[PDB]
């Protein structure tokens, strides 16, 4: 089978021929159709992700493919950008009939992250939540899931032209980063903040209302002075999806809320779609702050 391999951190991807995957007991080999790219994939190539993968390896953790006729979505540690991948049957996500490969590849990571982050921050119906990078994969998902949980969503992005999408998905208001503080004052403070920037975390805590909680989801772009936290009984939550995945209960509850809605109230925003042969281009797209939606590679 053909597959892209990363032989050295910081190096280039090499499209090579490899042996067909072997399925151990409890596993199935699925024929890959689409792979959704994540910022984590980028951090992994540089050797900067929370989990340090040892080269050589096959990039891609979010796959969508076919198993004896049925199409699935699954999160694998690696081996995504290949024609075939072995997957523990118990990790397979069922999909609604018709759901496209491109739309399925933009679901797992973004929606599970959005839901778990809000659940962990105990988001209650009615609360105000600020979603940053609101026009991206994780952002566009969060907006929908937040609306599905009945929260008021204040969307933020780095460019004015990216604000229309979030506003269309349900954001009550939308603003560029420079204008967030003002919208924050008008809203009377935020109950929740999904931090994917990381550079202005302190400035973020200043937007929180009493008992507000900031979920630290990423530092894609600094300390947090424990004291500003006390005055308003604020909370900061570090967050990383991977570990959570190994918790049946959580996963179950999460899917119990997401799957029934997948394709209905929750629709993943597909962004740039690249052919298998343009994997490097797709990776670059991840870094293009002009793009919106999920970057997807189609086989």
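Positions refer to the first chain, counted from 1.
Going from residue 221 to residue 222, you skip over 1 to 3 residues of the deposited sequence that the entry leaves unmodelled. The stretch with the higher mean CA B factor, choosing between 16-24 and 274-282, is 16-24. 38-46 and 243-251 differ in mean CA B-factor, and the higher of the two is recorded for 243-251. Among all modelled residues in its chain, residue 263 ranks in the highest third by Cα B-factor. In the PDB entry, residue 214 places in the middle third of its chain by CA B-factor.
When the CA B factors of the chain's modelled residues are split into thirds, the value for residue 152 lands in the lowest one. Sort the modelled residues of the chain by CA B factor and residue 100 lands in the middle third. Among the modelled residues of its chain, residue 235 has a C-alpha B-factor that falls in the middle third, as given in the PDB entry.
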